[PDB]
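Protein chains in written order, with this note's numbering: chain A, 1 to 52; chain B, 53 to 518; chain C, 519 to 1111; chain D, 1112 to 1702; chain E, 1703 to 1967.
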Amino acid sequence: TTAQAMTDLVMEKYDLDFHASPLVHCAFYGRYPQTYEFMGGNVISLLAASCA
Amino acid sequence: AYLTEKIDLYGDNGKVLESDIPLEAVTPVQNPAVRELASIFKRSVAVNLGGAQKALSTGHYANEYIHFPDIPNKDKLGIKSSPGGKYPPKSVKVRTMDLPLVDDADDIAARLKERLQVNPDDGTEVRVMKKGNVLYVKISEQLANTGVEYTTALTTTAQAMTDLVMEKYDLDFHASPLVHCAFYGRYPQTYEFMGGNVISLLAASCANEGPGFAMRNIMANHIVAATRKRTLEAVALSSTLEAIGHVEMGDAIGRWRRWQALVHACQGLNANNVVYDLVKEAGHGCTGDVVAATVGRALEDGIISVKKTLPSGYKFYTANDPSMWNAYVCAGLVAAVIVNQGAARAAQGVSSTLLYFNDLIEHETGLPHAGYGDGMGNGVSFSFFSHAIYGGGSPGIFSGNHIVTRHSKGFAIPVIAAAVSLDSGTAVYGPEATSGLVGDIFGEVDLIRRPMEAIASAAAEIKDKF
Amino acid sequence: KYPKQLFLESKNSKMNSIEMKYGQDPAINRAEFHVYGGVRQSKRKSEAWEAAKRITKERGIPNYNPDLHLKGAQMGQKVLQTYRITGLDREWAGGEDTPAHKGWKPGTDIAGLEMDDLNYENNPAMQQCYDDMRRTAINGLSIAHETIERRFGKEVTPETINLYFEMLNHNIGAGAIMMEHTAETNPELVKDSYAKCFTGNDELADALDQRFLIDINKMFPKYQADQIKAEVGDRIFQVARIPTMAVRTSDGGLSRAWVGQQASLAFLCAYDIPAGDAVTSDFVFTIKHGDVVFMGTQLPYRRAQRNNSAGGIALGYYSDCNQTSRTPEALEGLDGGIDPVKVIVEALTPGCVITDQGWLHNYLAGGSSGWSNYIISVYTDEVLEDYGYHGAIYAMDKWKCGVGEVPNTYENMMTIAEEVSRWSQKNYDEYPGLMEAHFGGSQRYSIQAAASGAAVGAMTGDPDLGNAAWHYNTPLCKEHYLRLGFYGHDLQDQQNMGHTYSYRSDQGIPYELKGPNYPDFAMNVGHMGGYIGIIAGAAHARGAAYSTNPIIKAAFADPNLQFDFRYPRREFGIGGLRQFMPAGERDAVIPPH
Amino acid sequence: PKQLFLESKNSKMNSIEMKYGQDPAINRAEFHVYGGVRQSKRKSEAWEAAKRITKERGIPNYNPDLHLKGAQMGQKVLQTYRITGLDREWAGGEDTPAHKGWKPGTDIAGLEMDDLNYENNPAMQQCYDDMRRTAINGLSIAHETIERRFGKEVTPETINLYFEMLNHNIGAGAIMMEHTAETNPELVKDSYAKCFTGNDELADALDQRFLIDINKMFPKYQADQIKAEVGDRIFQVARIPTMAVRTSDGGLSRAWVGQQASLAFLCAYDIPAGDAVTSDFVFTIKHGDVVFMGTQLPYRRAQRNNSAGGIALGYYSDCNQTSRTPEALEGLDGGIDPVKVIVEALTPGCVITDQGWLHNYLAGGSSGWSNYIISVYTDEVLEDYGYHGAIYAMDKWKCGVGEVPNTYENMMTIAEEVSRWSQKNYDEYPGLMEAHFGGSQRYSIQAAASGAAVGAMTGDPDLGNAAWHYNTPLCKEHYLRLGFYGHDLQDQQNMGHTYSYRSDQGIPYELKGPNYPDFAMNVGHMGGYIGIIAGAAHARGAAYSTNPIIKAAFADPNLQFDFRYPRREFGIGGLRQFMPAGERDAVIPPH
Amino acid sequence: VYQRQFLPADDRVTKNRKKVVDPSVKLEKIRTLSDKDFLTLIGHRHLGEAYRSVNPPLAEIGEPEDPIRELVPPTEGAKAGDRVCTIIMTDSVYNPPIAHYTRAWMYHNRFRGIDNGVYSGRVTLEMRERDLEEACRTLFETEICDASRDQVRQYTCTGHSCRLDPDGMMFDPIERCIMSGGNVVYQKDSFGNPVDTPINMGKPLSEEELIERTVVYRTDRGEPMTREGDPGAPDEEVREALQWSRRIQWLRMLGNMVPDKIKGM
Ligand SMILES: C[C@@H](OP(=O)(O)O)[C@H](NC(=O)CCCCCCS)C(=O)O
Ligand SMILES: C[C@H](O)CO[C@@H](C)CO[C@@H](C)CO
Ligand SMILES: O=S(=O)(O)CCS
Ligand SMILES: O=S(=O)(O)CCS
Ligand SMILES: [Cl-]
Ligand SMILES: [Cl-]
Ligand SMILES: [Cl-]
Ligand SMILES: [Cl-]
Ligand SMILES: [K+]
Ligand SMILES: [K+]
Ligand SMILES: [K+]
Ligand SMILES: [Mn+2]
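Structure follows, in structure tokens:
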């Protein structure tokens, strides 16, 4: 929820264009969903990914 | 902010259950019955005492035709087991044992409950079913909430069964691996309790496609078996599981939250009687009659309007409420499957209806179909992978976690549940084949079997909070 | 204002790739059927039938038998076409001997290949391309050197690094250094396994033994070397390739583990570290986890894989392992200007073959066909080539600019896609012989989508917008022909009309970092390689040396690789000629055969 | 009667003395007098080849003079090895796909360590490839769907056509479609499909080229046992191309057979292209009625089905086919010989789990850890110790194999004696102590021999493996050393875990495997357990230990590797006389 | 009830599409097939043969109480428990009177209780056996079946994109059709099996007649979907099918970015 909320609120707050959607998503989620992990993203849990 | 818009919740007989319900009150983050549904899936398991007893007795442990052989007639085999035949062959019995688990089910249930219970009156339940062959187990919220995982009912039940059987029959050291195998199967060589005798409605916790997918990894056949083929209750169960899953995926947030909540309400809970009304109008016809009914209902309710008339006379429609338009397409999509697969009483065309209801909608209106591509996309993938050599299977084996059918944001699996409910037995991998025990045991839970009225009643209890 | 189609006249050799299939004008809608002798028209299938008879007699079980084909109709009731590799007559560089073959004479065509010559199962160049990707392990060495200097107490110098690399080249394939009475591997079996390094520090590079160096200054043109060196900086990266034979006994996930063992040993032996000193565990951890670049990431349970499977390789990593971006053809092939189209059409060739034949087929499905004709269509006969260049010509004239410079607006994407779709359809409609050559709707649909995305990506520099143009081809194709591709082709096309610029959880992701585990892409042929090419060309067109990972780009700039990553269409053709010697064969230790 | 490692039973070779040309009882050797690696034919040839490779590719490679501090390898004797027991074989002389018939009873001696390195030995690689390229399925559901959903009768004639079509398409060909690419038959001549059934009338009605014939392959009592489990059912055994798994993984096998079997059903039964019934075929093959060699593994060591790490110990036991050989049926003076079964089944069990899996998946490098594992199937050492325990127990309990009561006390007695005998011989023969120079070899060997004796003599596989772990104090308190640093993780803990039922502790040995957490890391163990499981079942009169479908599925003379005689096969690979499948000669330049 | 418009129909090609898919428009019968020949061509059952069943008659299977199911009357094949059978047809790229996606749209508008797949080279229709027979009368006997360009073929279906043979006939690898005395005749059934007597389909249409009735756009005859002056031109200057295509793309893109972005668009 935090990753999606951050992505949505940033897209909204700065009224970003369509090009920004993948890039802002990447800023929070990293390589997800090509990776199961939010790999290299910017939302961090003390727990590991739930595949592990 | 709260989703304050008011909807009416109708039952599958087309009569109102509760009126004037804020959309907020059916969402998984608020509705107590939806939340209890997740909780019951997390906390319930079944113990197959008959299966465990049989495995121990015959040596047919686990799955895959495994058999640990005990040979009671060694002196009749035509072999010598001593050099020169000095000593005649003697049989041994080293992999198998006879324990009267089914006959002792009532006492076993009491011992199991005592091991699982944390405090008196905590809600732990163990029920003997099938004349002793199966136990239904529901662990307490106290136990289930101790850590962070949903697997605690599975893991504690397997260990408690193993311990209590070892103790009750005062078994020797040799029995430890065998009794463990009777309940756990191939665990821990497998992550799953593979071929064991402790069963959850949820899949093993290694098996998600992504974070938050656990409530999506439930086959349509399980849903249909648990609701005993009552079409809209199967739709409601599937849609509600998908709605919970999409919260857990993080997709019921922010500027997508209303869209996601309306998929659940309109497709899954017969909001404003749309699904029932569309089937009633078009049921004597074809998929295309549901297309006509859906566009007509969207116009009647002010969801869409004519935008432009082209020189040929063709009219583009505009969505006055895009998320509600999407939700009406989702309601029409389940109605279309009910009409088309219902006429045939055969599930297989569900994949074609998923594709072409959406394709016809776009050609009819100039508006985007359900999920902006996902409805048609999954119509394509699901059709392919239910009629080709490459993978897949029949409709009932798909789920929201299956790679073929995961993509749509909550509005695809419920139409599979509808189609499989309506099928007259045209499959070889139908609910009876894949999900018989699930339906017989977990289908006794009223909330699982008949969620619509429970969700509506719970929404009415909280309606004044929004 | 459009030139004669490349599929009717190759630019330099003037071959008519479509006419050559039939000996008849491809504009004529007339053909005779049932007059070719079935499979007797095919050299490979006829030879296969004779071989099959010998095999049946030796093993006692029948095998290939063309007369089993349904209802008495052998395959080959129509022409079983041959193929010409696109573009080989327009190459002028890359004539060096390689580990797999003597130098190709640049500009030489490869025509008349049969379908079975371009089947992944039959083509060792294609298999070796994948093996070279997956046997690669890449690491920064900074932490290992830090551990040695501080925990152990020994200085790291160019001399100690050179000894380390000499020892790693002894032990990565063949030998032992520290222990008595230790088994070793026959060097003949592992002659393709070695280790090198690269650095952005030119003084360090010059101080190292050049046999162990990937030389960025030599491999790349100056502007690209500058960009890559700026990213690498004053750091040393190791690139190790484990034996091809070894990954063929297991998986690409072996690579980081194997190099973890052998690099750890080379550190112990070059620095005289006691056997069992605690520092040892820092080396293996660094190689496996602490400072590591993988070609591929792990996959979830249904398609479970460790690192370095094809399904874990991001599209942009496929883009950047390709080396066409540093070739003269890509740097000066448009009348002295950069040619991002050449980059696109080369990078999409391993992109398509590895993701569709190597991965979707040889991991997820399979069988005897390799789905080969589906994918052969994207790198043969100049068809996709003509359509992609068509869009570039159209756009350069319309917007009066160079590659990478058309404004990246949604309207401009749609205009270019509409024209490229139009041109694709005009040619399939006007040339019945071409429509019959690309007989599967998927080939024709993917080709118009790929050409559109190639044009948009090359002309705007924007990889997401280039790939958006792919999906917009869905209605443009469907509403013209009233057919698309195979039953399951348009899952991803339909949904990515919406997902490309979505940010929902498992929908949004930049094209560079998508891959075969992006759920939309996880099942179907005919797509991923196109996206890979478009990503590579978009970066090339805007002046970049790579699209996604400069470490990957540098790590594949290596003439000791078995496969020539600069010229993959050519390499696949050489494999089609049975002229590509792969690594990993076991000749040294098996009987005469 | 002399120990087998000093005098092989029939050829009278002295396996230990042959390494040295000196009495192995003498505690004296000269060192630094062998010329380093020059004493080795393989390492000397390797150095010459390496010089050419360096010249050709421009990067140095193998160079023995890099060995630390100026000491080349070979400051002591680099010993050669003799395959155990080959002089005691009398059957199995048939030509195989990999080599002309072995003459049973012929020794293989003088092998160098490098000849028994997994990296250099195609017999070992092919053993694993044959396991992982196998797909096994029941066909009952596919036939049911054809009869009920599609509406066509299944007969022996339609089954024969189905198998003829599957043998055309599994490797090479197409059937239904125009203009379809195909694979060169030469590249896939090792790929084929067969079936078996417990219904003798059905078996006799099929084209026998497509049949795994249980009655022919097994002795009567074993055939009876297997047929009773199979019953009136048909099982398919399909082997996909070796070349194909070498481009990918063993998880390809069920997917590949899913495609090709589905096509053979469509084509043998004339089913329309795109009929809904098609999806039942692939689902049955991949999920609905399937037996795998290996189950999936969790994320840290992630694998699909049919990796070595997913293969249960008892599936390794049952793929071995020594249980149906004359040597195993009559080798103890006319009685069954479970020791022969143990020592053969543990050979692939150790080589595949340790070299094929722990080394070639989880770790790796140029050595194959080869000398560690060579020690368990050479020079008759483990052989002598295992037979010693069996003879001791038969004499003490006055019974045959499989008949000593399976008490904890009896396990400990046998283990104490076999440990004692192992230590006696290592202590009394300095040449043997030097041959098995690593403590791990000596420790695993006494534990393996003990477990072999207990398993063979009691028929109890968990108790046999309990005896393995009890060797830990018996070894440690005698020598005051055990094995390599990390050897005794599993031995220490399985002194307790064997008869635990805690969550990830309890599990029968048959269904343990390389993902049981105690076993997931370390060499020198799993293959021993595999042999013990096989021999325990053999000794009590059973035809298999764990899965009758697996046992029958590997009773197949068209397999590339001879699963009946694995020690012999590995030796044949050591002679460079094993032709593997999967090579690409047909489509590469002359060489 | 709302009156459907189906799809934009601004020219002959798209008006032909609308006629095919609009269930209120009768498709003209252009040939007669005997019951024996009709069933022989389908190849699932011959005249006088009893229907096979996949399940017992619907009234015997114990359907649950289910108010929604009540609203949907079963077809006759569903009541009987017939097996679900497949028929496959292929339309040439060369000016057919129906093509592949129009089949799906037509089937879903005209026939009850269907499964159906669209492919480039064939289209499946899968229905309870007796229901399939009724549908096939429309598929085989009406103006949507030109004998030379719309053919029945259960497998080995290549030909849609192949060059026409010297008689203007679409290729069939199995040769189930042959041109005989100017007539198209099935000399084998849809499965490629022998037939006792060939099934006469009558004369094919000429190319100009096919073009008048075709649903496909084709550049070579001067009727591409996208004309040379259409890319990037304003909507009012392009075909309505392209106007529609552009709209769907814009609305899928914007709506899947944020749904509210398409409000009023
Ligand atoms: C669908 C799924 O297979 P299952 O339905 O799980 O058997 C999946 N295979 C695939 O995606 C096959 C992809 C390649 C074949 C289609 C090429 S268009 C997989 O192996 O997990
Ligand atoms: C669906 C609608 O026709 C799309 O309109 C675009 C052509 C222009 O709209 C953009 C520029 C602003 O929303
Ligand atoms: O006919 S299908 O489209 O399902 C498969 C094409 S390879
Ligand atoms: O020295 S260690 O025991 O760590 C490794 C032995 S191979
Ligand atoms: Cl994460
Ligand atoms: Cl489980
Ligand atoms: Cl909204
Ligand atoms: Cl009749
Ligand atoms: K160099
Ligand atoms: K046979
Ligand atoms: K005891
Ligand atoms: Mn060779």
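Just so you know, even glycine gets a beta-carbon here, dropped at the ideal spot from N, CA and C.
Looking at the structure shown, is residue i part of a helix, part of a strand, or coil, going by DSSP?
| i | result |
| --- | --- |
| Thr-867(C) | helix |
| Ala-157(B) | helix |
| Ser-375(B) | helix |
| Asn-430(B) | helix |
| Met-1903(E) | strand |
| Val-467(B) | helix |
Mind listing the chain C neighbours of residue i? Cutoff is C-beta to C-beta under 8 angstroms, in chain order.
| i | result |
| --- | --- |
| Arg-1415(D) | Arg-821, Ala-822 and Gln-823 |
| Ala-1801(E) | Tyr-999, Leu-1000 and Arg-1001 |
Rank the options by C-alpha distance to the C-alpha of residue i and give the top, closest one.
| i | options | result |
| --- | --- | --- |
| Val-299(B) | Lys-461(B), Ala-440(B) and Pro-124(B) | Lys-461(B) |
| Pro-1759(E) | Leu-1944(E), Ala-1782(E), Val-1960(E) and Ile-1744(E) | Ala-1782(E) |
| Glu-1772(E) | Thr-457(B), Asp-329(B) and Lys-359(B) | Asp-329(B) |
| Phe-1708(E) | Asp-1852(E), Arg-1824(E), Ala-1943(E) and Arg-1878(E) | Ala-1943(E) |
| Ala-1063(C) | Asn-687(C), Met-737(C), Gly-888(C) and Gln-779(C) | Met-737(C) |
| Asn-637(C) | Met-1224(D), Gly-1476(D), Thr-1256(D) and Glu-1293(D) | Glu-1293(D) |
| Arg-1915(E) | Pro-1710(E), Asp-1712(E) and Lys-1721(E) | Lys-1721(E) |
Could you tell me the distance, in whole angstroms, from the CA atom of residue i to the CA atom of residue j?
| i | j | result |
| --- | --- | --- |
| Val-1795(E) | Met-376(B) | 40 angstroms |
| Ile-1525(D) | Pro-1330(D) | 31 angstroms |
| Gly-1460(D) | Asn-1521(D) | 26 angstroms |
| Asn-826(C) | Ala-1413(D) | 12 angstroms |
| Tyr-1426(D) | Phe-1674(D) | 13 angstroms |
Below 8 angstroms on the Cβ atoms is my contact criterion, and I expect residue i with residue j to pass it. Report the Cβ-Cβ distance as a whole number of Å.
| i | j | result |
| --- | --- | --- |
| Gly-1779(E) | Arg-1830(E) | 3 angstroms |
| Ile-1050(C) | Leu-833(C) | 5 angstroms |
| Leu-731(C) | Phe-716(C) | 7 angstroms |
Who are the neighbours of residue i on chain A, taking C-beta pairs under 9 angstroms?
| i | result |
| --- | --- |
| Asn-260(B) | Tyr-36, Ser-50 and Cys-51 |
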